[PDB]
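**Student:** A single structure is presented below for examination.
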Amino acid sequence: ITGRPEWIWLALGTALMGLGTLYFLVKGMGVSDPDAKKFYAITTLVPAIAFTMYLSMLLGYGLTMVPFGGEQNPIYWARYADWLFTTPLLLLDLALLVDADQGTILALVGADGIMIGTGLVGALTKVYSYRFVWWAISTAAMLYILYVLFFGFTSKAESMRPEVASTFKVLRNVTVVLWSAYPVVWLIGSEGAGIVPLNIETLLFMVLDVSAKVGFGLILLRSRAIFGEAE
Amino acid sequence: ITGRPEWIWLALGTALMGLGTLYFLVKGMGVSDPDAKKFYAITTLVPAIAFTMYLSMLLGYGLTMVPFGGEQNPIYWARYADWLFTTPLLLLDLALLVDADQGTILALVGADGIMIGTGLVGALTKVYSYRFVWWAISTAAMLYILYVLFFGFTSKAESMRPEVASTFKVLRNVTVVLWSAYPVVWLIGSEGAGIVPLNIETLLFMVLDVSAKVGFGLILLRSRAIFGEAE
Amino acid sequence: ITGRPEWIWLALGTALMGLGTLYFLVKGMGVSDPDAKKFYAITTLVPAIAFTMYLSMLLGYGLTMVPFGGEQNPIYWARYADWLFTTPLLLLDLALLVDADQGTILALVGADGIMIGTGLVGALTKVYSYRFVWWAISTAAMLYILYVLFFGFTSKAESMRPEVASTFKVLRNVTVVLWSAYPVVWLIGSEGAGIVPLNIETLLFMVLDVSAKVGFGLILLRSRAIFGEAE
Ligand SMILES: CC(C)CCC[C@@H](C)CCC[C@@H](C)CCC[C@@H](C)CCOC[C@@H](CO)OCC[C@H](C)CCC[C@H](C)CCC[C@H](C)CCCC(C)C
Ligand SMILES: CC(C)CCC[C@@H](C)CCC[C@@H](C)CCC[C@@H](C)CCOC[C@@H](CO)OCC[C@H](C)CCC[C@H](C)CCC[C@H](C)CCCC(C)C
Ligand SMILES: CC(C)CCC[C@@H](C)CCC[C@@H](C)CCC[C@@H](C)CCOC[C@@H](CO)OCC[C@H](C)CCC[C@H](C)CCC[C@H](C)CCCC(C)C
Ligand SMILES: *C/C=C(C)/C=C/C=C(C)/C=C/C1=C(C)CCCC1(C)C
Ligand SMILES: *C/C=C(C)/C=C/C=C(C)/C=C/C1=C(C)CCCC1(C)C
Ligand SMILES: *C/C=C(C)/C=C/C=C(C)/C=C/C1=C(C)CCCC1(C)C
Ligand SMILES: CCCCCCCCCCCCCCC
Ligand SMILES: CCCCCCCCCCCCCCC
Ligand SMILES: CCCCCCCCCCCCCCC
Ligand SMILES: CCCCCCCCCCCCCC
Ligand SMILES: CCCCCCCCCCCCCC
Ligand SMILES: CCCCCCCCCCCCCC
Ligand SMILES: CCCCCCCCCCCCC
Ligand SMILES: CCCCCCCCCCCCC
Ligand SMILES: CCCCCCCCCCCCC
Ligand SMILES: CCCCCCCCCCC
Ligand SMILES: CCCCCCCCCCC
Ligand SMILES: CCCCCCCCCCC
Ligand SMILES: CCCCCCCCCCC
Ligand SMILES: CCCCCCCCCC
Ligand SMILES: CCCCCCCCCC
Ligand SMILES: CCCCCCCCCC
Ligand SMILES: CCCCCCCCC
Ligand SMILES: CCCCCCCCC
Ligand SMILES: CCCCCCCCC
Ligand SMILES: CCCCCCCC
Ligand SMILES: CCCCCCCC
Ligand SMILES: CCCCCCCC
Ligand SMILES: CCCCCCCC
Ligand SMILES: CCCCCCCC
Ligand SMILES: CCCCCCCC
Ligand SMILES: CCCCCCCC
Ligand SMILES: CCCCCCCC
Ligand SMILES: CCCCCCCC
């Protein structure tokens, strides 16, 4: 395990996701409100899935070698397995907060699936120049998602409770900033142009992942917006 | 890319799915009705997914070699990845049109999953005679789906709005004819008996795919059946 | 096929799932009640999926070799493909019976996904001692599911119809006993410590699978709890 310099960040990531999972699990024990239960379920599952995939990367299972540029390049494929399930759960948290219509939710989840799926294909593609074609398609799917979060959701939040409108606005802003960093790190890291070494890349993704999951969850689950308006 | 004679049909397929995706995306921009949004979301996602998988076939990612009959046989596995997601979306379009009950929808999607999954296993099976066992099981799942579309849905459409009944009937008929061709092409093509060469097989699937997705979508999204009855 | 001593149990399993599938399919033909249709759909799909995966194991497709302990160890990976889809369907049968809230259903299905997914990783892991780390995480996800079935569902059933409360209690008890055997068989069988040989392991899983699917389904589909209260 320690044979890879990036192991320290995989281990820290595993620990922080594990701790985040346990914290949300305990916190949600005292919850009976049916609406709050939905948000706790979604939000606890996110770091639990990430915990398993960080562990698989730490132990070496979630790593494969991909030939491109005349080299055997270490590619952590387990990231995409994580993201396939956790990024639509994160979007679902946002969509339920603002009572999004079903068509909009399906558009978001579908675009998200395309985003992660094409990122996976790009990560595993052996023809170097083609990796960036997949990156571009994935990034276009991301831009669609960000567009919807701003010009379909923000003006939906404003007709809702003030506490859900303010909580949505904060989580929207956190999401757009954090999620936009992922394609940049991929592009300059070992999957793309290879300018930033894998150990630093792994650190960067770990900070983004913990912030986008445990950070996000801490903000959401401390808000009164997750509860039905009750006396 | 041009090293494979079937590349021209993969390229045309990619282009037509891409163009179809953009057309539906633009067309649905001016839509606020919650019901119509569902149909636009579902129907736009279908060629978008197909676009990505056609591209993966064009670039060579979605192709593998399978030993059977003492030969290395080129198998485009990306078709099944496409179909796994797009065929239940197509069925969902039909089921929502007639306000199908939840049990019926689950039966359809489940049978569809079995249909595509067993087709994939058959496509990748190395014992030649066993490929046709999987083809038979998949075809039985197809026949179940077609049965339900006729003797569970058609008489559901007739108690609904005339515009939804007439639109459903047309899309049902398009679906049954087009979908029934797929097992025949598989059986006589490079996956099955090998009587029709891969380049012609690829052409045939491209015509079926564009018709079943973009053709289907053009009929559906031009109907007033996708809108709630409103003043 | 007969080259593997466990083939007889794979063949019997295939037959019993096939027969169970046909029986439930015929039985549900005379059903119009929308609630009952849901239970028939879910419950018929379960042995149908299991039939396909038992067949893939019989024909040899669903088997791979995994190096650990200095040996090539036969691992039937198709079990996890089965279980990935059938165990959440089984939980859905239980959850719908007691009209579980959406948050609880998502927690169950999510924990179940983690349970099966980590079992799959453990089954395919090449470092022997690490296989048991994945077994432990999977078992913890199982224990969560069993906890919810007892201390979240049982007291939900009691405020419902007596026929649904009594049917739920029986199916809950069947589920907890049968499902708890699976991690034990894995641990002592060819995936784990290797004390029980593969042919006996295969027998054990076949008895558990038929009981947990066809047995379970026979109890559920003969109950009046699956019908809406109607005059
Ligand atoms: C509604 C939304 C969910 C829409 C989803 C959007 C989605 C369509 C976007 C594209 C997804 C698609 C790229 C998934 C591809 C998975 C694939 C990378 C798995 C690895 O297999 C690739 C090659 C080795 O590189 O296998 C070597 C050759 C092997 C023989 C491969 C044969 C097995 C195939 C992988 C079977 C395909 C199954 C499905 C792709 C399962 C989807 C997995 C998940 C990653 C989407
Ligand atoms: C409700 C509905 C959805 C019901 C669904 C119906 C469904 C049950 C029908 C059968 C689906 C099942 C056949 C999927 C099999 C996928 C498999 C072909 C992927 C390729 O792996 C096959 C061999 C190489 O040929 O791998 C070589 C050996 C490797 C070590 C394989 C180990 C990895 C396994 C593939 C893990 C299994 C994961 C699940 C099958 C994911 C499902 C993928 C999708 C195609 C259904
Ligand atoms: C809401 C709930 C559903 C939550 C779900 C919980 C879930 C997160 C729990 C963990 C699931 C995760 C372990 C699935 C891993 C599948 C993996 C074993 C498939 C086989 O690939 C493993 C190695 C060979 O051993 O591939 C060799 C290297 C290859 C290059 C691998 C590259 C292809 C990757 C497999 C692509 C990943 C796609 C997704 C994992 C699809 C999920 C399949 C299913 C088994 C969950
Ligand atoms: C918890 C993990 C999260 C929130 C991950 C988010 C990841 C993305 C938004 C990834 C986006 C990518 C692209 C837009 C193109 C390049 C490849 C990706 C997959 C890194
Ligand atoms: C957009 C793509 C569509 C509508 C594809 C439909 C495909 C089928 C109905 C495929 C059916 C098959 C069988 C019935 C058995 C042989 C294998 C298949 C998968 C080709
Ligand atoms: C129809 C099949 C059923 C009901 C299978 C149930 C399987 C399980 C509950 C498996 C549990 C496992 C663990 C808890 C850890 C070890 C690995 C598994 C996957 C066997
Ligand atoms: C969105 C953030 C992307 C920028 C990442 C900056 C990383 C700077 C680290 C120094 C680069 C290491 C190069 C020498 C090894
Ligand atoms: C459902 C349509 C299946 C029939 C396809 C007919 C294809 C005819 C093309 C000629 C066959 C090529 C054989 C000589 C290369
Ligand atoms: C939950 C049941 C697990 C116990 C399984 C008992 C199997 C006993 C069979 C005898 C073991 C075979 C060892 C000699 C080959
Ligand atoms: C490819 C995996 C996509 C599914 C991820 C799980 C999250 C799905 C959330 C469903 C949202 C509800 C839509 C109506
Ligand atoms: C194996 C992939 C199956 C899922 C495909 C996505 C479409 C699912 C549509 C869900 C229909 C709603 C059922 C209640
Ligand atoms: C990884 C596969 C998980 C999906 C299995 C299919 C069963 C899903 C049942 C959905 C229950 C409804 C939740 C709201
Ligand atoms: C186009 C929608 C406006 C809100 C999205 C902001 C786009 C940020 C760009 C992210 C950088 C990705 C490379
Ligand atoms: C049995 C249901 C009647 C409607 C379905 C028509 C079946 C068409 C056969 C398709 C050919 C597949 C090989
Ligand atoms: C902790 C919840 C109480 C009900 C679950 C009973 C646990 C049975 C243990 C199963 C054995 C697995 C190794
Ligand atoms: C070796 C790099 C070749 C450049 C490929 C860039 C493709 C980016 C596509 C953006 C439309
Ligand atoms: C080499 C071909 C052997 C014939 C197999 C046909 C099987 C079809 C099954 C239909 C019930
Ligand atoms: C070779 C076996 C080494 C023992 C591993 C047991 C790990 C079990 C983890 C339970 C917390
Ligand atoms: C990680 C295993 C958890 C089993 C005990 C249940 C914890 C309490 C959860 C309350 C919903
Ligand atoms: C509760 C702490 C969980 C941390 C387990 C994984 C950390 C890796 C240590 C090497
Ligand atoms: C908008 C046109 C999209 C076409 C891109 C793929 C066509 C392949 C050209 C070689
Ligand atoms: C209807 C009987 C189904 C049995 C088919 C599979 C049994 C395997 C026989 C070798
Ligand atoms: C993006 C950083 C999130 C910070 C989380 C802090 C949570 C405290 C309530
Ligand atoms: C099956 C062929 C479909 C033809 C689509 C034409 C759409 C015009 C409205
Ligand atoms: C766990 C054993 C189940 C027994 C099923 C018998 C069904 C008869 C109604
Ligand atoms: C990591 C366990 C958290 C302890 C409880 C925190 C207050 C709910
Ligand atoms: C008003 C919300 C500001 C949140 C910005 C957080 C940036 C990481
Ligand atoms: C809305 C601001 C987006 C900031 C992008 C930051 C990418 C590192
Ligand atoms: C391909 C872009 C379509 C242009 C608009 C067509 C009329 C909505
Ligand atoms: C009355 C509907 C006829 C549609 C037939 C289309 C055949 C491709
Ligand atoms: C309902 C008519 C079906 C026609 C099947 C055509 C197969 C090529
Ligand atoms: C296996 C076929 C079952 C025959 C009908 C049983 C009574 C519904
Ligand atoms: C009162 C229900 C008892 C069911 C026990 C079944 C054990 C297999
Ligand atoms: C509730 C009793 C569980 C029995 C476990 C049996 C495991 C073989």
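**Student:** Excluding residue C:60 itself, what net charge comes from residues whose Cβ is under 10 Å from its Cβ, given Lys and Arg +1 and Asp and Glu -1?
**Tutor:** On the way: positive: B:126, C:4; negative: none.
Once all neighbours under 10 Å are counted, the net charge is +2.
**Student:** Also: Let's see if you can work this out: charge +1 on each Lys and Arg Cβ, -1 on each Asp and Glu Cβ, no other charges. What is the dipole magnitude of the protein assembly as shown about its Cα centre, in debye to the nearest 20?
**Tutor:** Working: 42 positive and 48 negative charges, 112 e Å.
About 540 debye.
**Student:** Between copies, how close do the residue A:170 label points come, placed 7 Å along Cα→Cβ, listed in nm from shortest?
**Tutor:** 5.1, 5.1
**Student:** May I pose another question? Give the shape of the stretch A:115-165 as rounded, prolate or oblate, defined through the alpha-carbon gyration tensor: a ≥ b ≥ c are the square roots of its eigenvalues, a/c under 1.5 means rounded, and otherwise the shape is prolate if a/b is larger than b/c and oblate if not.
**Tutor:** Verdict is prolate for the stretch A:115-165.
**Student:** Let me ask you something else. Taking all pairs of different Cα atoms in the protein assembly as shown, averaging 1/r and flipping that mean, what Kirkwood radius in angstroms comes out?
**Tutor:** One decimal place: 26.7 Å for the Kirkwood radius.
**Student:** A further question on this structure: Could you tell me the convex hull volume per residue, in Å³, taken over the Cα atoms of the stretch B:93-218?
**Tutor:** 91 Å³
**Student:** Could you run the Karplus curve 6.51 cos²θ - 1.76 cosθ + 1.60 with θ = phi - 60° over the stretch C:43-49 and give me ³J(HN,Hα) per residue in whole Hz, x for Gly and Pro?
**Tutor:** Those phi angles translate into 6, 7, 5, 4, x, 5, 4 Hz.
**Student:** Now a separate question. Mind checking the mean number of beta-carbon atoms from other chains within 10 Å of the Cβ atoms in C:46-55? All intermediate terms of the calculation are to be shown ahead of the outcome.
**Tutor:** Working: counts 1, 0, 7, 4, 0, 2, 8, 2, 0, 6.
The mean count of partner-chain Cβ atoms within 10 Å per residue comes to 3.
**Student:** Can you give the local net charge around residue A:12? Use residues other than it whose beta-carbon is closer than 12 angstrom to its beta-carbon, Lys and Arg +1, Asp and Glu -1.
**Tutor:** Computed value for this residue: -2.
**Student:** Right, another one. In a shell of Cβ-Cβ distance under 14 Å around residue B:154, excluding residue B:154 itself, what net charge do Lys and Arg (+1) and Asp and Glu (-1) give?
**Tutor:** That sum, taken over residues with Cβ under 14 Å, equals +1.
**Student:** Hey, what number do you get for chain B at 222 nm if only DSSP H runs of n ≥ 4 count, each worth -39500 (n - 2.57), divided across all residues, to the nearest 500? Kindly include the intermediate steps, with their values, before the conclusion.
**Tutor:** Details: 9 runs with 164 residues, N = 231.
My calculation for chain B gives -24000 deg cm²/dmol from helical runs alone.
**Student:** Could you check the simple spin-label distance between residue C:72 and residue A:169, using points 7 Å along Cα→Cβ, in nm with one decimal?
**Tutor:** 6.5 nm
**Student:** Which of the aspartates and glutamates could a cross-linker bridge to residue B:213, judged by Cα under 19 Å and excluding same-chain residues fewer than eight apart?
**Tutor:** Once the sequence-local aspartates and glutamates are set aside, what remains near residue B:213 is B:82, B:93, B:112, B:201.
**Student:** Within a 10 angstrom radius of each residue's Cβ in C:98-110, how many Cβ atoms of other chains show up on average? Whole number is fine.
**Tutor:** Per residue, the average neighbour count from other chains is 5.
**Student:** With the label 7 angstrom out along Cα to Cβ, how close does residue C:22 come to the same site in each of the other copies, in nm, nearest first?
**Tutor:** In nanometres, ordered from closest: 5.3, 5.3.
**Student:** May I ask you to sort B:99, C:35 by Cβ crowding, counting other Cβ atoms within 10 Å and putting the fewest first? Before the final figure, lay out each step's value.
**Tutor:** Working: B:99 11, C:35 18.
Fewest-to-most ranking of B:99, C:35: B:99, C:35.
**Student:** Compute the acute angle (0 to 90°) between the alpha-carbon long axis of helix A:198-210 and the principal axis of greatest extent of the alpha-carbon atoms of chain A; round to the nearest 10°.
**Tutor:** 10 degrees
**Student:** Here is a further query. I'd like to know which of B:3, B:85, B:181 lies farthest towards the positive end of the charge dipole of the protein assembly as shown, counting +1 on Cβ of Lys and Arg and -1 on Cβ of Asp and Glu.
**Tutor:** B:3
**Student:** Once the label point is set 7 Å along the Cα-to-beta-carbon vector, what list of distances in nm do you get between residue A:230 and its counterparts in the other copies?
**Tutor:** Label point to label point, same position, other copies: 3.4, 3.4 nm.
**Student:** Okay, next question. Taking the Cα centre as origin and putting +1 on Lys and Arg beta-carbons and -1 on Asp and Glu beta-carbons, what dipole magnitude results for chain A, to the nearest 20 debye?
**Tutor:** So the dipole magnitude of chain A works out to roughly 200 debye.
**Student:** Viscosity 1.567 mPa s, temperature 4 °C: Stokes-Einstein D of chain B from its Kirkwood Cα radius, in µm² per second?
**Tutor:** After rounding, the answer is 70 µm²/s.
**Student:** Here is a further query. Work out from phi, with θ = phi - 60° and the Karplus expression 6.51 cos²θ - 1.76 cosθ + 1.60, the ³J(HN,Hα) of each residue of the stretch B:17-27, listed in order in whole Hz, and give x for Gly and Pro.
**Tutor:** For the stretch B:17-27, the Karplus curve yields 5, x, 4, x, 4, 4, 4, 5, 4, 5, 4 Hz.
**Student:** How crowded by other chains is B:32-39, given as the mean number of beta carbons from other chains within 10 Å of each beta carbon?
**Tutor:** 3
**Student:** How big is D, in µm² s⁻¹, for the stretch A:46-126 by Stokes-Einstein at 37 °C and 0.692 mPa s if Rh is the Kirkwood radius over C-alpha pairs?
**Tutor:** Estimated diffusion coefficient is 234 µm²/s.
**Student:** Further question: Using θ = phi - 60° and the Karplus curve 6.51 cos²θ - 1.76 cosθ + 1.60, what whole-Hz ³J(HN,Hα) does each residue of the stretch A:174-183 get, with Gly and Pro shown as x?
**Tutor:** 4, 5, 4, 5, 6, 5, 5, 5, 4, x
**Student:** Further question on the same structure: For labels at residue A:200 and residue C:29 in the simple 7 Å Cα→Cβ model, what's the distance in nm?
**Tutor:** In this crude label model, residue A:200 to residue C:29 measures out at 7.0 nm.
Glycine also receives a Cβ, built like all others from the backbone with ideal geometry; neighbour counts cover every protein chain displayed. Each value in this text was obtained by applying a stated rule to the coordinates, not by laboratory testing.
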